[PDB]
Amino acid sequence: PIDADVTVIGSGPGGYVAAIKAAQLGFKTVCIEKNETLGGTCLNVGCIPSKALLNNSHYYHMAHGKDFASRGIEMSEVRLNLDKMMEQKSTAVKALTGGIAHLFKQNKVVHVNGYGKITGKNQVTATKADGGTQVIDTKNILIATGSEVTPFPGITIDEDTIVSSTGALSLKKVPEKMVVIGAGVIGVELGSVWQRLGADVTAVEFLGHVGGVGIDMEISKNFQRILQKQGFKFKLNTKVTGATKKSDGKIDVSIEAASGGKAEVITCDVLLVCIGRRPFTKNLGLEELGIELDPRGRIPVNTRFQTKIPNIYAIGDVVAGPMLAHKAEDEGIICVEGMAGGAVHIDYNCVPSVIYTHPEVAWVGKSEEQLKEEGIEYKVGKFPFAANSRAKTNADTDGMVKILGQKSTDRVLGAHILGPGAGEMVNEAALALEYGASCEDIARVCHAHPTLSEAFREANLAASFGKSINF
């Protein structure tokens, strides 16, 4: 029987960071993880392996395609060694998951391997695989149990030929033809990986836009345009009625228009299902505690991330807000800081989103659609990467930066980046929004030349002064 001040259930970005932070704050901290490794979804089957394949497949596309030839880099034959590519991804995951174990040891966090159940208001019971149980008597419980793939009814995932994101990250061979259910962030990234590697990729989406929820519509349409020129095909406003395996091993996917009619069937070697991810709370003990989930399966919490039970907290994918790794990390920190008497506030408006395709997509703050719905009057500033010096020097000119500013105060309300380096660039925008910078304020910052970030500067100038220098 272990006693601790804070017991964290889950070792994903929210849990493992929260556990480290609590230990650094003087709490006696225990972290419970059922899986064989730490790091949760993001490290093991999420951010890390997908970004590795996006990076590796992009370079393959550059070598196999015309890009390197245009720069005087001539290759007689370019062939794909998928095993070695997957090996590079695996090397990264193992290095990072091992790093978490090193960090837990460094900060005196106690790692418990088992399935954690809340058996008492102050106790958690961890059941090991052999059946052995470890009991933790604890002042505070931090729930960071995360998410799972949302199943598609009538379509059964076998991680062989009908795959979730996990299976798509480890295909043993490039499928000749692949269908993706869901054109959200995960679907678009994974389809693009396999599309670059030679697969014929179609993504089927019930909604009318690509990129998931909260993405600016102009950005979404331009993003789709570029992806379509790459060879990514889209069926939007389209419903999937069912999928059936066949004797030949191919899969027939039956679809219909979302409004109705237009029945059709399409075939593939691999079907990837990414209609979403949902909060995971099974066999946690919430049933007995009287903690009621919201209709979407998330745990309700107050501003301090407290459940109705004051000493039981929840953070990350399991609660409301964007289901992102950096969001879960910050919630874990402020929640644990709140346990130490700190004030707790987060504005999900300042949580950025990134799509690691090429071109990348990144945004923070509000979209034009959000501003119109909230009745806020704004002005628009745009700068295309075709006019950016570094993008032109790199011969990589897709996309633009779009800035939304408050009409009178010039305050930056949203930043949307479609093009090279969007993922890193959005962090400059994030720093600006957190402290309420104006468009003029960013325009007056001396940005290094030549850098992609100058497109961000000039877009802010356009929103503020009405005109850019280089466009």
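Just count from 1 along the sequence shown to find any residue number.
Between the stretches 283-291 and 171-179, it is 283-291 that shows the larger average CA temperature factor. Annotation for 402-410 versus 424-432: the higher mean temperature factor (C-alpha) is found in 402-410. You'll see in the entry that, of 277, 94, 108, 327, the Cα B factor peaks at 108. The top Cα temperature factor in the record, among 228, 147, 259, 195, falls on 259. The deposited CA B-factor of residue 27 belongs to the highest third of values across its chain. Residue 66 sits in the highest third of its chain by CA B factor, as recorded in the PDB entry. The deposited CA B-factor of residue 382 belongs to the lowest third of values across its chain. Sort the chain's modelled residues by C-alpha temperature factor and residue 317 lands in the lowest third, per the entry.
In this PDB entry, residue 310 carries a Cα temperature factor that places it within the highest third of its chain's modelled residues.
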